[PDB]
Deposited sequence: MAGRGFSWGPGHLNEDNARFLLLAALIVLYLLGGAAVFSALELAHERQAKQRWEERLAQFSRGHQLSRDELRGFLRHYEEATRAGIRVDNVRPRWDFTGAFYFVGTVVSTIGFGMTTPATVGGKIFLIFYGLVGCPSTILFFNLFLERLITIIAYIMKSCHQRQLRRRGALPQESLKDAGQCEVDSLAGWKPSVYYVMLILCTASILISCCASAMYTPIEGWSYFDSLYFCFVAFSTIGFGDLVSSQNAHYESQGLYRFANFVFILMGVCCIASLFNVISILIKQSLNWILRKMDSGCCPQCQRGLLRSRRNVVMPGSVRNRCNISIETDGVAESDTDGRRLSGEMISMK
């Protein structure tokens, strides 16, 4: 009966969390959304009057442009898809369950293969992350024992603190670049780092697609390394925080009698 009670309590808490978060986000964003819509409407009306084009013609043109954008066309210069390195980027985003969405299959045959490829590849990456976490814990214990100089394994709290420090350091080091190389502000770089590392992958900000990219050989390698390390660290941090949340749920169950 304890397991059922804990399951029910967690479900209720998550429901309340979702309701409160929705109310806060709506209050934060509604005015900006309305202002942006009004600005777009004014711009469309001004263009229409400017060149006397009909509304339906503009709607057809915009539908064609949406279809083109679905295939990779952008107003700025961007790297080609599916050559050999765009495919590598795509499969990397797929196996890590990031899913930026900048590149998606569009043919029958590429969607069946996508299903089978993901079905065979996501568990391997999950296992890799788990093995990385185990190795990190072992090496942390070894360093701690050597510094003090088996039963020297650190507590969960210290592991959480170390993971937080590592995540902050990796994010700041990655954000040191990404800023001057692609016209981004430091806060935007930190936001992109958090969105990519947590495997949410909104897709509003995606790195390393500007056609010519100066050196472009070392930059792609550095991007790959940074994303790999960040994803590993954030995955480990989330697992530790989940353990702590389960302990807190047990405590609140005990208190309620």
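Check your understanding: In sequence order, which deposited residues have no C-alpha?
Key -> Sequence ranges with no C-alpha atoms are 1 to 13, 163 to 187, 296 to 350.
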